[PDB]
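Here the structure comes first, spelled out in structure tokens, and everything after it is commentary.
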Amino acid sequence: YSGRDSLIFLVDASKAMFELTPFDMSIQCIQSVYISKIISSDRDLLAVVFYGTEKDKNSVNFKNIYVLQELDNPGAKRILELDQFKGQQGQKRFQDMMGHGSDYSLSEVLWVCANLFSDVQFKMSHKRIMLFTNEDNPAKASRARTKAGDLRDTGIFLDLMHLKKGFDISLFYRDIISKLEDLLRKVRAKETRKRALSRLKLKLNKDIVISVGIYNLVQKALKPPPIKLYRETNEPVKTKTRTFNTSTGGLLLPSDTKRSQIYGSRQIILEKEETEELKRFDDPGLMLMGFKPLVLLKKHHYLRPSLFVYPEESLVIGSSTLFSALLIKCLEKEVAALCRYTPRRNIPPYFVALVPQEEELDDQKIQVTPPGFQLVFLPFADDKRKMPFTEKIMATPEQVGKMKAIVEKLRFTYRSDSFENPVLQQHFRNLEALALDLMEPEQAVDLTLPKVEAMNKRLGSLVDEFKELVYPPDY
Amino acid sequence: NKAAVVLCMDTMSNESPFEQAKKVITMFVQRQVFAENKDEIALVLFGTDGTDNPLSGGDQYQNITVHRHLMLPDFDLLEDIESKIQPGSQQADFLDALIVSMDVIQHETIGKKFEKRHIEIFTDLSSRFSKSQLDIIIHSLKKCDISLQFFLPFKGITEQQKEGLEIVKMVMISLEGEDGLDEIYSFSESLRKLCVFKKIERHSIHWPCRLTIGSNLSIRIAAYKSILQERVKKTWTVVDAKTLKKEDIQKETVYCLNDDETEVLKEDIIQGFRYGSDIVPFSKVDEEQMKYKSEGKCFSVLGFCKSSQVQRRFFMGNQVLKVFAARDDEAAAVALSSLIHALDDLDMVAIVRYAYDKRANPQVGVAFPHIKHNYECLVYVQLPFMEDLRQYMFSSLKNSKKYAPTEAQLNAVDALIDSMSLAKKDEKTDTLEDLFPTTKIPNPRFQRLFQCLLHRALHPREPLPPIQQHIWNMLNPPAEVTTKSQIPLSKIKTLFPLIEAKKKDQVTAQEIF
DNA sequence: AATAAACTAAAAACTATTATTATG
DNA sequence: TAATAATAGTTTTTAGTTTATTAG
């Protein structure tokens with residue numbers, strides 16, 4: 032989707048944040070945000086501009102205003118530029134080549150920010166500005187507030203917290221504006252997507268269909284694919300690769316490709332065309348079979364992640380009306396739709412259960428279970444597997460009670476997003492370290508090692524007391 | 006495993030028992046060769062003209078023809094069955110067929126291990142029969158253990201067919217019993233549906249590890265791949281255009297440098314990654330230490346929650362595991378049973394950090410038990426990582442003032458729902474029966490593939506294998522619910538408008554049609 | 001001799017993008 | 001004669017290639 036959110040970092044240089058110094062963790066948070074952005078999304082833009090210095094590096098040459106990074110996609114060079122001033126020696130060298138606190142005007146810095154925002158040549162979905170100062174400085183104040191209001195009217199968002207901590213110093217900026240602790244790299248390796256799956260037609264019957272918007276919500280994440288860069292020049296090769304004639308010499312052709320499967324006595328030689336046409340059974344869409352109760356489910360037959368189904372009022376108008384009716388009926392009916400589904404041409408059909416997904420808006424109106432249906436794959440006969448019989452022994456009421464007492468002592472709310480992949484996190488951290496010429500960044504287990512290893516004594520372990528077998532079962 | 010199956014067919021073509034017998038035997042052998050089961054079958058032809066017996070015990074065995082001994086079938090065997098075997102004219106005796114069948118079995122039992130034995134006899138029972146050698150044939154039957162899968166044209197049968205039926209049911213009740221009466225089926229119908237479609241099965245292996253509940257207190261466990269989206273057993277072999285083998289076929293790369302024709306080799310590449318605006322160099326040798334280190338094939342469980350919090354919507358991964366205990370570990374088995382009973386009673390689901398082996402990846406997983414009267418274990422499904430939680434804001438629908446369904450539409454939809462119920466309603470007998478059980482139907486892609494394979498094999502000049510209509514019958518529900526919903530469909534189509542669509546896909550080109 | 005971490009083609013959409021036949 | 005048509009190359013999935021443990 033076109034348009035992104037633009038955030039620019041503005042930090043005062045008034046020799047008041049030089050004394057940990059506010060400038061220090063301000064720079065640290067800016068670096069952490071830039072790292073999170075470069076690991077999250079590259080379509081966004083970042084800009085670093087300073088004011089109050091003794092140097093006037095800016096396009097219109099305004100006093101004390103210094104620009105360091107203009108609005109551009111995040112880059113490692115910007116990270117190094119930030120890091121060269123991160124340290125205390127970095128702070129003093131920064132103050133040397135930039136200049137210490139001097140006179141300025143907030144109208145000028147807002148004007149420069151507006152010019153920088155206008156400099157971009159892309160549709161830019163949102164415009165936000167982050168500002169940092171310990172205390173409010175403010181004539182100058184009147185013009186500054188007027189210009190800030192004008193920019194806010196133009197569609198510019200502002201953000202700031204005083205760097206003293210509490211809720212004490214925002215007096216001169218009470219009206220100017222329309238917390239950075241969470242921005243301190245608390246989020247890492249985020250993934251952002253804006254597109255949607257292929258919209259199809261709901262073949263509910265033989266004549267009328269519904270334009271259905273397919274949406275994936277929990278699709279599996281994976282590391283980005285590697286590139287085959289050269290050893291010395293460190294740039295990828297054209298990667299030319301296709302089968303040619305080796306035994307006889309020469310070049311092979313796609314028309315020369317014959318496919319076969321050696322079965323029994325002879326190899327049934329064919330061509331590809333038969334192979335793709337074999338995969339063809341019907342047209343893309345969801346051919347509805349009927350309704351079947353949700354209670355009539357094996358409750359353990361998941362095979363492929365579910366996909367959300369939404370109306371798309373772009374090819375038929377009945378999508379929204381009929382889906383709203385069905386969802387209303389989904390209150391009274393617990394039967395689920397049975398559909399033969401094919402994402403595209405030459406795909407074997409799968410039987411699909413449309414579990415009612417009714418919207419559950421919370422106090423903040425979070426779209427929990429968005430209004431529509433989810434695709435539930437139904438396994439075939441071959442998808443099932445045999446299982447050797449096991450009906451040896453049951454349990455005793457004493458044992459089940461003891462196990463209940465052991466387990467319900469430890470309970471968790473199960474926050475869904477509480478876990479991330481340690482492999483992907485470590486991979487991202489390694490790439491970050493290599494891109495910045497550093498040591499091993501850190502290791503942080505995503506609760507993969509159970510915390511019960513230390514709090515088992517806290518929960519009062521009793522299965523150790525209850526060894527049902529004289530010979531140790533846990534040998 | 007291994008199976009030992011003998012074949013026997015029933019003038020001889022008098028619909029015609031010969032045509033149905035040939036159809037069913039060809040279908041059985043093609044199913045065997047497509048499934049590629051490791052079992053040999055033997056073919057005996059009794060009643061075919063000519064006394065060409067393998068062993069002539071005084072020439073008492075009339076019209077006995079051992080077309081094929083116990084050998085592994087192939088396409089050649091299937092075409093030989095289709096072509097060579099033709100009906101005879103003179104009636105034969107069942108005793109001769111049985112004696113020759115078990116003689117072939119005994120001859121073939123020396124050299125080949127067998128894990129199962131079966132007998133497949135087909136007869137119209139119009140052939141003249143004499144019951145004189147019951148003892149020896151029953152002794153051979155209980156020794157070779159060939160489970161007879163006998164079939165009949167169908195009762196109002198003739199006197200010869202009546203005597204054949206009574207002798208065969210007597211010998212089955214003497215040998216097997218009720219199952220002997222059960223295994224006898226009609227040549228059509230029952231046998232028609234018995235082997236019209238096949239199945240495949242790829243067996244998994246146990247995952248012998250330890251359930252680490254708590255710091256220590258580990259429990260020996262074994263897990264199996266329970267439900268899996270099945271893949272084809274054999275991938276296509278890209279063979280030469282004319283040689284039809286692998287001579288000029290190879291997978292290779294040049295790795296030409298992007299320049301002017303300079304290239305690079307395998308040692309010349311570096312596995313870089315697109316770090317936004319640039320690519321940072323990286324190598325697999327760097328990956329060796331710059332990777333997460335797993336701890337064997339651990340089954341670490343970390344958290345416990347209520348079943349309400351988790352969602353069937355949030356079921357991820359690509360496989361299902363029946364979390365069983367280890368082999369015959371009674372203490373571990375009863376401990377696991379107690380734990381799963383406690384979890385079920387409290388609806389108290391478990392969080393599992395799973396790893397298949399030392400080289401696998403960490404896997405957060407949800408654990409909830411499954412309880413039956415035949416198998417009792419725990420069900421494991423891979424839980425997500427917060428990266429997987431993709432979010433897309435959507436507009437509300439129940440408050441759509443622009444699209445509010447009319448109450449007439451609501452009642453029409455209710456009538457449609459009531460008409461197209463695909464499951465039997467739970468009556469006083471709790472008859473919650475699936476009228477259209479999808480889980481018991483195999484993937485039609487594989488049957489279509491094997492149909493195409495036979496179409497091209499048996500007739501190399503046959504251009505296009507057609508789609509099996511029986512698959513459509515399997516792929517479509519009974520017409521009763523469709524007819525019931527037809528009128529509600531009319532109500533819906535009268536009560537619901539629509540507009541035009543696009544993307545009219547067409548055939549590759551418009552040749553002669 | 002099976003399963004599965006870990007590569008490798010391949011097939012829609014959401015964006016810019018151009019030939020109409022608008023007219024003498 | 002001064003519009004909208006088919007239209008590329010995006011990412012995004014999705015299905016088809018490769019090395020560890022059972023069988024002798």
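Chain order of the listed sequences is B and C.
If you use PDB author numbering, the first sequence corresponds to residues 32 to 50, 57 to 175, 181 to 207, 210 to 222, 238 to 534, in order.
If you use PDB author numbering, the second sequence corresponds to residues 6 to 15, 19 to 22, 28 to 167, 195 to 299, 301 to 554, in order.
We put the beta carbon where it would ideally sit given N, CA and C, even for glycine.
Chain-ordered chain B contacts of residue i [CB-CB under 9 Å]
i               : result
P248 of chain C : What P248 of chain C touches in chain B: nothing, since even the nearest Cβ is about 14 Å away.
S462 of chain C : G349, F350, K351, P352, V394
Residue i: contacting residues in chain B (beta-carbon distance under 7 Å)
i               : result
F323 of chain C : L493
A374 of chain C : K451, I452
Short CB-CB distance (under 8 Å) between residue i and chain B
i               : result
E121 of chain C : no
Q509 of chain C : no
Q269 of chain C : yes
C235 of chain C : no
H382 of chain C : yes
DSSP state of residue i mapped onto helix, strand, coil
i                     : result
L528 of chain B       : coil
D315 of chain B       : helix
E172 of chain B       : coil
residue 23 of chain C : A break in chain C separates 22 from 28, and the residue in question, residue 23 of chain C, sits inside that break with no coordinates.
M434 of chain C       : coil
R247 of chain B       : coil
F59 of chain C        : strand
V208 of chain C       : helix
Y217 of chain B       : helix
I213 of chain C       : helix
Residue-level contact to chain C via CB, residue i, 8 Å cutoff
i               : result
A280 of chain B : yes
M446 of chain B : yes
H359 of chain B : yes
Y473 of chain B : yes
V149 of chain B : no
Start and end residues, alpha helix (DSSP H) containing residue i
i               : result
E457 of chain B : 456-467
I102 of chain B : Per DSSP, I102 of chain B belongs to no alpha helix (DSSP H); it is in the beta strand (DSSP E), 102-109.
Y71 of chain B  : 59-77
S531 of chain C : 520-536
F487 of chain C : 485-499
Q119 of chain C : 107-121
Extent of the continuous beta strand (DSSP E) to which residue i belongs
i               : result
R488 of chain B : Looking at the DSSP string, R488 of chain B is not in any beta strand (DSSP E); the run it does join, the alpha helix (DSSP H), is 481-495.
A396 of chain B : 394-401
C418 of chain C : 417-423
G349 of chain B : 344-352
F340 of chain C : 340-347
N275 of chain B : 269-275
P415 of chain B : 409-416
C13 of chain C  : 8-14
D319 of chain C : 319-321
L251 of chain C : 249-252
Interface residues of chain C facing residue i [CB-CB closer than 9 Å]
i              : result
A84 of chain B : The contacting residues do not exist; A84 of chain B stays about 15 Å from chain C at best.
Cutoff 8 Å; reference residue i; Cβ partners in own chain excluding five residues on either side
i               : result
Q65 of chain B  : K123, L243
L221 of chain C : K209, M212, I213
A492 of chain B : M498, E499, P500
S143 of chain C : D106, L108
Under 8 Å by beta carbon: chain B residues contacting residue i
i               : result
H500 of chain C : The contacting residues do not exist; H500 of chain C stays about 11 Å from chain B at best.
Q146 of chain C : Those do not exist, as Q146 of chain C stays about 37 Å from chain B at its closest Cβ, beyond 8 Å.
Beta-carbon neighbours of residue i, restricted to chain C and to distances below 7 Å
i               : result
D476 of chain B : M427, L430
Within chain C, partners of residue i - CB distance below 8 Å
i               : result
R290 of chain B : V305, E308, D309, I310, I311
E527 of chain B : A372, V375, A376
Contacting residues, own chain, Cβ-Cβ under 6 Å from residue i (five flanking each side not counted)
i               : result
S144 of chain B : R185, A186, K189
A47 of chain B  : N171
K461 of chain B : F525
7 Å CB neighbourhood of residue i in its chain, flanking five on each side removed
i              : result
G34 of chain B : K160, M161, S162
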